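Working notes for the structure below.
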Amino acid sequence: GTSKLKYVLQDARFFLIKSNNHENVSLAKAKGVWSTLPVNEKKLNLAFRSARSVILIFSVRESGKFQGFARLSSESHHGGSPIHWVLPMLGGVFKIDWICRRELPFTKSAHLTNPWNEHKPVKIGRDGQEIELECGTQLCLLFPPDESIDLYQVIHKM
Ligand SMILES: CNC(=O)c1cc(NC)ccn1
């Protein structure tokens, strides 16, 4: 079903996360963590205090796909366990709960445009680009269901 998913996404905010490599998305999926540049860290912390759910939608650059999406479960914090990101300077660490670890090809989202990025297709956007509520909700609902996920515990964090 999609009903608990819709509940988690009701009045959520959505952000496009672009990773230079698959390894960082894999660490994020394994450890439930993300870290970004301070300009985006400040935006995510503001959004986390302002919305019932803040959703990060991940895309590896040059992959032509999204690799899943996740909900912020905390603001960023420093001094936790170190994360061996593959880098080419990162802020704190956000804890995240994954909502879907399955891929979605950009060919499947070509009908969705993001008003906050000049109504360009939602796949287009810099790291940290906010996706407007309706576009972001329909993008998340496009993903194949991830039957390994139970949103019951995520609902309890809202
Ligand atoms: C896990 N976080 C990253 O890989 C990242 C890298 C970056 N510049 C290379 C900017 C924001 N985030």
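Going letter by letter, the sequence shown gives residues 344 to 431, 438 to 507 in the entry's author numbering. Using N, Cα and C, we set each Cβ at its ideal position, and we do this for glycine too.
Query, Result
"With 16 other Cβ atoms within 10 Å as the buried cut-off, status of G474", "buried"
"Beta-carbon proximity check, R356 vs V397, cutoff 8 Å", "yes"
"CB contact flag (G411, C449, <8 Å)", "yes"
"Pick from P431, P454, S393 that is closest to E405, judged by C-alpha positions", "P454"
"Enclosing beta strand (DSSP E) for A371 [first to last residue]", "First-last for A371: 365-374, but that is the alpha helix (DSSP H), not the beta strand (DSSP E)."
"Assigned secondary structure, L461 (DSSP; H/G/I helix, E/B strand, else coil)", "coil"
"Beta-carbon proximity of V429 to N364, cut-off 8 Å", "yes"
"Nearest candidate by alpha-carbon position, reference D446, set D476, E418, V503, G485", "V503"
"Expected contact under 8 Å - CB spacing of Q478 and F391 to nearest Å", "In fact, because the Cβ distance is near 17 Å, the residues do not count as touching under 8 Å."
"Collapsed DSSP secondary structure at residue 590 in the structure displayed", "The requested residue 590 is not part of the displayed model; the chain covers only 344 to 507."
"C-beta contact flag for residue 435 and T345 at 8 Å", "The gap in the chain between 431 and 438 takes in residue 435, so it carries no coordinates here."
"In DSSP terms, what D446 is bridged to", "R414"
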